[PDB]
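None of the figures in this text is laboratory data; all of them are computed from the coordinates on show. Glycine also receives a Cβ, built like all others from the backbone with ideal geometry; neighbour counts cover every protein chain displayed.
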4 protein chains.
Amino acid sequence: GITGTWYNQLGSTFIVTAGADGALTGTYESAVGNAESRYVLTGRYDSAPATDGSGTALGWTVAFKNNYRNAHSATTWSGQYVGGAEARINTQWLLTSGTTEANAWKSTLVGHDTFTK
Amino acid sequence: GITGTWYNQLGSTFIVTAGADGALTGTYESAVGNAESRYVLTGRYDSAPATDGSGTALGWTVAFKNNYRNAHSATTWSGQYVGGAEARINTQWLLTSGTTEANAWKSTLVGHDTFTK
Amino acid sequence: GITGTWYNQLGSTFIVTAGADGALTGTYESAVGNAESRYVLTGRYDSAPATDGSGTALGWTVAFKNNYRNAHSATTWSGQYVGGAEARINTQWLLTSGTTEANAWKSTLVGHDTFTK
Amino acid sequence: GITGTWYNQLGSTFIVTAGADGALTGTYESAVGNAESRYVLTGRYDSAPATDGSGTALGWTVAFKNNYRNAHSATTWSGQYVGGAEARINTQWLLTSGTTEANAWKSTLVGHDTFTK
Ligand SMILES: O=C(O)CCCC[C@@H]1SC[C@@H]2NC(=O)N[C@@H]21
Ligand SMILES: O=C(O)CCCC[C@@H]1SC[C@@H]2NC(=O)N[C@@H]21
Ligand SMILES: O=C(O)CCCC[C@@H]1SC[C@@H]2NC(=O)N[C@@H]21
Ligand SMILES: O=C(O)CCCC[C@H]1SC[C@@H]2NC(=O)N[C@@H]21
């Protein structure tokens, strides 16, 4: 279900593997922003969701540093996986950049991503 | 540095190790909500931040499922390590609960936690 | 342009008048939550947006109290208006409920609504 | 108890009057950002809050355009008034800037301000 290759609305690619333990591991490639090639991701998901048609809560983090460049930022996605013919992962994210103390009021962007297979 | 035992304004406890690879691993114990005992966390951080006075960007995730309890929820903290006169982690977070499609509009809480050692 | 009747993805109805002052006034009707009938809204908008084809910044508030009921809550929508053939208002919102101090950590939901005519 | 002159952690100044209907009217002056002098604000508040110790839900908007400047941006504050010894208004905010479609993913900042009398 959650494991596989997903794409959002900006065209970024989320490649993820959901493990026994509730662990998420894989790779993120952004189509936008100060980003090039793939980045490591890690996260967690609820490995025993409610049985009432509820979705599956999950979240993951990407620090946008790889061998090619470093944006000095990290993003976390919070959302849920909804399985089925039209499987989706619906999220909201927070992108925090390293700022000085004086600019910290402006260090965090908020947005929402929708991923489909 | 980031490795260590941190507490937030609620009294929750964040125990982390920062790997040289940009990995964050540890446990989280919440003082509030539908939680008891400790939860695995996993995250990422900028392992080569700027030194221009800027903080260190980081994020992590906790799914609130352990051997004791399952809240069917996942929270992500996005923020930055500030190495001022005091060690501090300022974050904003997103908590998403598993919900049916009907209730998805009301699935996600947002807040802000500050951590000191 | 902004002035008109708008509907979001949940089926809520936003009727507003954009004033010369940069004032937004109207009524809001939610299809979801603890709400019946129309509610008073007020907001503001950039009455002189960039000419580069950027959208128009705006926001508005609704306290969910009227003669029918009082949810002891208030939402604020923050976003931009984009004109043309398929004019749209894309927003993110914050919904804060009155709580005790002990429960302030869970007082605020976050979401996103997209409005069309 | 909401009416009056408030200051936040950044040094911004917030002058409000709460109307009986449940209106919020006033001016806002920002210590930071692409801002100078006063800005009209407007908003709503729960004029009939619970009487169990809960705060009063409120919200307000500021479009950062005035005689002096236009940032092509709007901020909304959502949160609650905690009355008593140290009157507080705890908020979270969304700041949206007019952008083109291409940059829309990065148009919104999120933050939180604490105001005191
Ligand atoms: O009630 C649940 O669903 C478990 C949530 C755990 C508590 C939340 S996570 C964000 C915030 N920071 C904390 O230390 N506790 C709350
Ligand atoms: O339940 C309440 O506290 C009052 C109803 C709030 C409904 C919310 S406001 C954000 C979202 N957009 C809508 O059109 N309805 C919901
Ligand atoms: O720079 C702009 O686009 C306009 C000024 C922005 C000031 C922001 S609004 C949120 C935060 N709280 C404040 O008191 N000031 C900043
Ligand atoms: O700081 C940067 O510019 C690098 C990261 C790129 C931004 C992101 S993360 C949220 C959004 N979703 C997505 O696929 N790309 C952008």
What residue, among those in the range D:71-96 that are over 19 Å from C:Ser107 (Cβ atoms) and among the aliphatic types (A, V, I, L, M), is farthest from ligand 1 (Cβ to nearest atom)?
D:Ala71
For residues that are among the β-branched types (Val, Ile, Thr) and out of contact with any strand residue (DSSP E or B) (no Cβ under 7 Å at 6 or more places or on another chain), tally how many sit in the range C:33-86.
1
Output the residues belonging to the range B:46-87 that are surrounded by fewer than 16 Cβ atoms within 10 Å (Cβ to Cβ) and not small (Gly, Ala, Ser).
B:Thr51, B:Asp52, B:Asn67, B:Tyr68, B:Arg69, B:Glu86
Check the range A:88-95 and report whether any residue there is within 16 Å of ligand 2 (Cβ to nearest atom), under 23 Å from B:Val62 (Cβ atoms), crowded, with 22+ Cβ neighbours inside 10 Å and under 13 Å from the mean Cα position of the chain (by Cα).
yes
Those residues of the range C:78-87 which are facing chain D (nearest Cβ under 10 Å) and more than 13 Å from the chain's Cα centre (by Cα) amount to C:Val82
Looking at D:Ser97, D:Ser73, which is the one that is in contact with a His (Cβ under 8 Å, 6 or more places away or on another chain) and either closer than 17 Å to D:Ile2 by Cα or at the interface with chain C (Cβ under 8 Å from one of its Cβ atoms) (or both)?
D:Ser97
Within the group D:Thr75, D:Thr99, D:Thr108, which residue is under 14 Å from the mean Cα position of the chain (by Cα), of a type in the set (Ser, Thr, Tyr) and closer than 30 Å to A:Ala31 by Cα?
D:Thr75
Please specify each residue of the range B:1-19 satisfying the condition of being among the β-branched types (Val, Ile, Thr) and either in contact (Cβ under 8 Å) with a residue 40 or more places away in the chain or assigned to a strand (DSSP E or B) (or both).
B:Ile2, B:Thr5, B:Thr13, B:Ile15, B:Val16, B:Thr17
Quick check, is D:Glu29 over 17 Å from D:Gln9 (Cβ atoms), within 14 Å of ligand 3 (Cβ to nearest atom) and touching a residue at least 12 places away in the same chain (Cβ under 8 Å)?
no
From the residues in the range B:9-31 that are away from chain A (no Cβ under 14 Å) and surrounded by fewer than 21 Cβ atoms within 10 Å (Cβ to Cβ), which one is farthest from ligand 2 (Cβ to nearest atom)?
B:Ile15
Hey, could you check the range B:41-65 for residues that are outside any loop (DSSP other than H, G, I, E, B) and more than 7 Å from chain A (Cβ to nearest Cβ) and say which is nearest to C:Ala104 (Cα to Cα)?
B:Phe64
Given the conditions (1) under 22 Å from B:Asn34 (Cα atoms); (2) away from ligand 3 (no atom under 16 Å from the Cβ), which single one is not true for B:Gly79?
(1)
Evaluate the range A:96-107: report whether one residue or more is closer than 30 Å to D:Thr75 by Cα, out of contact with any helix residue (DSSP H, G or I) (no Cβ under 9 Å at 6 or more places or on another chain) and touching a residue at least 12 places away in the same chain (Cβ under 8 Å).
yes
